[PDB]
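Shown here is one chain on its own, the form deposited in one PDB entry, set out as structure tokens.
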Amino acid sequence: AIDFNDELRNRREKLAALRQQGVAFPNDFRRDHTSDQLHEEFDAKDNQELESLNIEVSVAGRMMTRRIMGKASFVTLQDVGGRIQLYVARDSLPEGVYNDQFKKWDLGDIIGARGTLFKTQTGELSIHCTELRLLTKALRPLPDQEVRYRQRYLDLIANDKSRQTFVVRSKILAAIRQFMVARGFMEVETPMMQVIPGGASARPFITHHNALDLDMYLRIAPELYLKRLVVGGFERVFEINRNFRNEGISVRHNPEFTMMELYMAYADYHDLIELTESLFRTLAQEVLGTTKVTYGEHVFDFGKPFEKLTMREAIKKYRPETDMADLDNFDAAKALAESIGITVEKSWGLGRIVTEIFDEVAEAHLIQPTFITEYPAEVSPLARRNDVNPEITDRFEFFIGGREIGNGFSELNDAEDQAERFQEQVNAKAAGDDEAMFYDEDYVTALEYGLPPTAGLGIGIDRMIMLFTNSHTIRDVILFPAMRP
């Protein structure tokens, strides 16, 4: 209770004492090894070996634990690579350091140590310190679950599992780039500020550029710009960056999230299906050591093909009582839709209602890797029409763990059709659809110059990271998730 305030008072008083002595906050100590390096290299050597090698190293980190036993102590130092034990002895350090300094320090304090490696009777790798310094005084003692999000640094200091989650996220992004580049893809960068937002359907964030007295939009998707690059000649491009959607927070929704969009000319959605399967198998194998991944109560085998269902087969499979003929009739579909809780807006058509039904009915049950094809043209304004049935498109979305992970399709490279579809989106917007697309004249012009047959894929990176770190809330894979006021 009050013992905490005594901790705050004592650390502050110790700091004041540091200031009277000299520079309380130096920046002079330099280390040459991190704990993980020392371990990877010397964990297999016995004390006899280490005695002869007589390796002196320098490390620095946070004092996590400390057991003072008179003239000698044991300290656990935590750094970027993990933890390493220090053997701090009064007679090994310069006169007075052990008693006048070391013993006056506190857990949480950042310290630097230089000394010889050896192993304790316990067999643990440790450093016999010949030099020890206080680099940074911690004014606060070492540390619902929203606290972990409101002060991620504390979450990272305290929980090894949180740290590993984020290190795996980095390993995954690096592996994705290596994977993409090995396939001749080039990473580009398009605008995050757009005069005309597009490439998806969502409520956007609006801002104002003072210099140009112009209203701008945070991008909801880089699609329209990436395909312009394909027209220009960069036939294998990809971008990995944020998208911003003015929607609410959820266990699978952050208003700003990371997405990877890729485009490859002379390919169709089938080529995206193989690329996607190959990417997951690679990430699992390369990052987790195996293709069988445990996620909650399930196990995904990324060494096996994903399941493939059409949107209608998915509705029928997860709501078997459904009279499928209902979906081929607006009045019947509207009724079906509303009967399950969907508020059918007046701008919606058959294809939109069916997609909404699929979302409500099947989405959550797609636990094992699954591709859902045959997305209606009405909800896919930028996708290539199906050769046989124009009302559906060469589009698919894939799901894992009951969540939408990606969205990919054979791109629409028919400028006249693109214009019409943009017009329909504009009519819809005028009819109430506040998420409908804006008409983009320049995009249509780019298409008029000629876009090669192309296939594009969009994968939610945050959601994909959940599946590889066994996280069940997107907030567990985003360092600083959007917090409610």
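Think of the rigid core as the biggest set of C-alphas that the two forms share within 1.5 Å after superposition. Position 1 is the first residue in the sequence shown; the rest follow in order.
Not pictured, yet referred to below: the form deposited in another entry.
J.: Core-aligned, between the shown form and the other one, one residue among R236, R177, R228, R319 moves its CA by 2 Å or more. Tell me which.
T.: C-alpha shift of at least 2 Å: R319.
J.: Once the core is aligned, does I342 move its Cα by at least 2 Å between the shown form and the other one?
T.: True for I342: a C-alpha shift of 2 Å or more.
J.: Please state whether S250 has a C-alpha shift of 2 Å or more between the shown form and the other one, with the rigid core used for the fit.
T.: Shift at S250: 2 Å or more after core fit.
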